[PDB]
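Single chain ahead, written as structure tokens, the form deposited in one PDB entry.
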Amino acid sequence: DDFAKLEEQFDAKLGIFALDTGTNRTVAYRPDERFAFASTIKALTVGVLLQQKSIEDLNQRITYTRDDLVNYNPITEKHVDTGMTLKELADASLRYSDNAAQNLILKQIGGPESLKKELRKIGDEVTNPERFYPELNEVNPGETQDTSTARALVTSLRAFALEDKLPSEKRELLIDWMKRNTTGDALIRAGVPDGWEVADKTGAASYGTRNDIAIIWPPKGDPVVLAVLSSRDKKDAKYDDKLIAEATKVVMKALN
């Protein structure tokens, strides 16, 4: 009833799944409820890129133009004349939620259809990548394009970051990028005590969709993998980062 209280306090629908990899103990609330995955998909997208390439292969330089730039391009809008390596695009996507960086990487793996195929191969029958930025933002209730569930995003994030979908040197790159994310200080990080390492990827979309997926390391102990997804009734609705932070506080309470 602490999660229902947050839905009551913030007038929002809330999607929680947490796995303690150390006890296999679980926290869940609407864990199988679909939400627009928003920019959270970028973590799984770098996952597939890392599978498809050697670390040295990430040094390939991608040429792009203004036409590849979309609504939010904080790193890519800077480097049209120089281009950017796949490694630099991975950094821009993960650490700044650069939408153009994600589009370029997605086109590097062979598009949303190709991304879906590789996600099915790792055991994810839930996540439905279909469109590029900006179109994957517009998800109306009941539609399943560009949606996942808290359980599926956690399971998939764990598979790439923590299990055997990637060799250790590639897991280190993904985990390092997500640890040094710049977009998440108000969300999962804000519900976890200082000093604990957090790797995360944020997202925001229509119907006030406000998402964070994370790996949380206690000082010693095995990590927690967490998805906090949320959405609201109205297309143009605002979100509140504080919902995600408080939801995160409730999860840690339930696991400790």
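Numbering starts at 1 and follows the sequence shown.
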Per the entry, higher mean C-alpha B factor between 184-192 and 37-45
184-192
The stretch whose C-alpha atoms carry the larger average B-factor in the entry, 172-180 or 139-147, is 139-147
Out of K87, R158, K117, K78, whose C-alpha atom has the biggest B factor in the entry?
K117
Per the PDB entry, maximal CA B factor within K201, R210, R30, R66:
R66
Would you please rank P129 by its C-alpha temperature factor against the other modelled residues of its chain and give the third it falls in: lowest, middle or highest?
highest
Chain third (lowest, middle, highest) by recorded CA B-factor, residue given as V70
highest
Could you place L162 in the lowest, middle or highest third of its chain by Cα temperature factor, using the values in the record?
highest
Using the temperature factors of the C-alpha atoms in this entry, rank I122 within its chain: lowest, middle or highest third.
highest
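The same protein also has a form solved in complex with a partner chain, omitted here; what follows describes it.
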Interface stretch in the entry with it bound with the partner chain - options 41-49, 226-234, 58-66, 207-215, non-hydrogen atom within 4.5 Å:
58-66
So in the entry with it bound, does any heavy atom of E130 sit within 4.5 Å of the partner chain?
yes
My question is simply whether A190 lines the interface with the partner chain in the entry with it bound - judged by any non-hydrogen atom within 4.5 Å.
no
Check whether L166 has any heavy atom within 4.5 Å of a heavy atom of the partner chain in the entry with it bound, and answer yes or no.
no
Hey, in the entry with it bound, is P141 touching the partner chain, heavy atoms inside 4.5 Å?
no
